[PDB]
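Each value in this text was obtained by applying a stated rule to the coordinates, not by laboratory testing. Please note: Cβ atoms are built from the backbone with ideal geometry, for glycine as well, and neighbour counts cover all protein chains shown.
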Amino acid sequence: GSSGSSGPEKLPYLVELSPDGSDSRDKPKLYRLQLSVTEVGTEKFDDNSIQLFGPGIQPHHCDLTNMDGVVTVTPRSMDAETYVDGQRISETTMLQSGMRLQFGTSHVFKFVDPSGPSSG
């Protein structure tokens with residue numbers, strides 16, 4: 001119906017992955033996509049926003065909005081190349097745990113949902 005979700009201890013995060021989409025031998029950065037829209041890029045929109053720095057990155061790349069344990073990548077700029085698992089998007093594209101996110105063909109990240117794939 002219409003109630004909402006409550007689980008700050010199980011929010012979706014983006015674990016930066018290698019430039020090939022592999023798990024390095026070190027600890028990659030993590031960005032817990034907390035409730036509310038999360039603007040990405042090099043610009044600082046929100047206090048707890050995603051600040052990525054790379055050659056070919058923009059200020060307003062995309063905004064991660066968690067709506068009911070659901071997150072969808074929203075490219076604010078067309079120039080900002082956003083590929084979800086090696087697949088470019090052209091609008092709000094639902095994100096799933098495991099799916100990769102290539103930002104400017106350099107900053108690759110892996111989105112994971114600690115909430116759970118609908119029960120489990």
| Looking at the range 62-77, is at least one residue over 12 Å from the mean Cα position of the chain (by Cα) and aliphatic (A, V, I, L, M)? | yes
| note | Log entry, pairs with first residue in the range 1-27 being farther than 14 Å from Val108 by Cβ and in contact (Cβ under 8 Å) with a residue 24 or more places away in the chain, second being surrounded by 14 or more Cβ atoms within 10 Å (Cβ to Cβ) and among the aliphatic types (A, V, I, L, M), beta carbons closer than 7 Å, six or more apart or on different chains, reads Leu11/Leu33; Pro12/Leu33; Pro12/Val71; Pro12/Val112; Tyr13/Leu33; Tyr13/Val112
| task | Would you mind telling me which numbered condition in (1) in a loop (DSSP other than H, G, I, E, B); (2) out of contact with any helix residue (DSSP H, G or I) (no Cβ under 6 Å at 6 or more places or on another chain); (3) surrounded by 15 or more Cβ atoms within 10 Å (Cβ to Cβ); (4) not charged (D, E, K, R) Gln102 fails? | result | (1)
| said: Looking only at residues that are touching an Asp or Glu at 6+ places or on another chain (Cβ under 8 Å) and hydroxyl-bearing (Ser, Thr, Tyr) in the range 32-53, which one is surrounded by the fewest Cβ atoms within 10 Å (Cβ to Cβ)? | reply: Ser36
| said: Could you check the range 47-99 and list, in sequence order, the residues that are in contact with a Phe, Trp or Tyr (Cβ under 9 Å, 6 or more places away or on another chain), in contact (Cβ under 8 Å) with a residue 24 or more places away in the chain, in a loop (DSSP other than H, G, I, E, B) and under 24 Å from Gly116 (Cα atoms)? | reply: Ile50, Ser97
| note | With criteria (1) assigned to a loop (DSSP other than H, G, I, E, B); (2) surrounded by 11 or more Cβ atoms within 10 Å (Cβ to Cβ); (3) out of contact with any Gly (no Cβ under 7 Å at 6 or more places or on another chain), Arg25 comes up short on (2)
